[PDB]
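Below is one structure, written out as structure tokens, with a few remarks after it.
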Amino acid sequence: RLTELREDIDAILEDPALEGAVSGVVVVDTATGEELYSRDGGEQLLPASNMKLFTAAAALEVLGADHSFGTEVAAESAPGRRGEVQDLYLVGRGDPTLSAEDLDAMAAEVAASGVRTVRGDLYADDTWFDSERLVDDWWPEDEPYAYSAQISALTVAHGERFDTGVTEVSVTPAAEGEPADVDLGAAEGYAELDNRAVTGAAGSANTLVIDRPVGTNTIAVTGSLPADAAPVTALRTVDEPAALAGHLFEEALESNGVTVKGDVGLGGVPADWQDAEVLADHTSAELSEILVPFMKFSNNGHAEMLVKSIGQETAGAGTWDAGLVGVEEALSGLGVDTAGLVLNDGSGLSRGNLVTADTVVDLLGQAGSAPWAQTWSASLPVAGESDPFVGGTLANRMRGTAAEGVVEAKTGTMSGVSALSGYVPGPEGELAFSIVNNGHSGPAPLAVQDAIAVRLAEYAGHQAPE
Ligand SMILES: *[B]([O])([O])[C][N]C(=O)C1=[C][C]=[C][C]=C1Cl
Ligand SMILES: [Mg+2]
Ligand SMILES: [Mg+2]
């Protein structure tokens, strides 16, 4: 059974899809500590999203399962008989789940408090973190896309998945020969529009492209959309998330009967502010629940924001160098051995990240007996579960296998990088595993990953649901 398995796993790692890859593969029976399988466990590799495992663990250690995030609106002094204020401030403190709705509720409060006219200017204040929007080694050509959304303390998250710092672009065909309609969404009147796109003949080739040319706040739409085609939605990022938050707030305010007379822009609450009058606040859900969309779907924005929030908590510094040391620290404090870990971001988007599989599993261990173990394990995707908020990035993997509904694991993926790491809970004992592969040249080796996970479910004592 023990030896049978090792031979099995060896055979699974023979796949011609792992030609020239290096693969870190480690299993450990968590109840005993018995090492069921080690290949290249000490090997350093790019984790892609498995980096989140470390990030998520630190944040629970540093902020607690109970931490929530706040956003305030502040005028220098309360409104009067006339219901007047000068300048106005939207202050963000790193809520990663702050919606356009949450903005509206705040506009209503601002109104119910007696503001009727903002005589001066409206300022977006994201100074709780620094203004370093991107990690050095993140790639410019990735910048238009959601997962490479700019980082701020004030960022409007779109939808139930809480994608920060984007806008939904909806392109809709017209008649053949006419420009397609482009609807920028939230960023209407914020981001510039460059619509060059056209409506091709019925059943012609869909070739429409949506992009934000580097260094601009402009959405460039090119190509041709079929007259019979269903409208295309895309999540494209914008320049300066806080400014967009600022923009949508002037809209929220006017829609709650509050006239902004001036200009929207970035700016922090001035130092010469004696005793700021907070005119509306909002509080996020607790870190325990934010974890779900974060880990289930692999929100890069969330991981980074959580890094800077650790920097704030440990050093009063909403910063990358700060928060990342905070992560190594908290991980050590947990009993993790962080020698082979190189930390460059919280999301794992950076090719500067390195981890080993011994380290990953080491972490799986400590995490499993932390006071916050349940809320941590709840956050992971569950093999083959059809509910997006449960199956997460595993929803359409491993369906109808022994792994289904039992294996809890985080995935990770980019060019030449795939990883799966997590638990196999058994009527035997609860297993922990890490599989991390680099340098494969073909399609991401998901079959291999799945086969191993499925074997470990079977060794754990499970059968495929029929
Ligand atoms: B995890 O594997 O999702 C981290 N990686 C990414 O999110 C990613 C990296 C490079 C290109 C696209 C994506 Cl989604
Ligand atoms: Mg607008
Ligand atoms: Mg099962």
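Residue numbering for chain A follows Swiss-Prot; the residues present correspond to positions 50-515, in that order.
Per the header of the entry, the method used was X-ray crystallography, 2.7 Å.
Including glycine, each Cβ sits where the backbone N, Cα and C put it.
Quick look at what Swiss-Prot annotates:
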- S98: active site, acyl-ester intermediate (ACT_SITE)
- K101: active site, proton acceptor (ACT_SITE)
- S347: active site (ACT_SITE)
- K459: substrate binding site (BINDING)
- 146-319: region 'Absent in class-A beta-lactamases' (REGION)
Worksheet, complete the sentence: Reading the DSSP string in three states, the entry for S347 (active site) is coil
Practice prompt. Output: those active-site residues from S98, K101, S347 whose CB lies less than 6 Å from an atom of ligand 1, in sequence order; none if no residue fits.
Written response: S98, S347
Discussion item. Let me spell it out: for each of the recorded positions (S347, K459), count the other Cβ atoms within 10 Å of that residue's Cβ, using every protein chain shown. Which one has the most?
Written reply: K459
Worksheet entry | Coarse DSSP state, helix versus strand versus coil, of the residue listed as 'substrate binding site' | strand
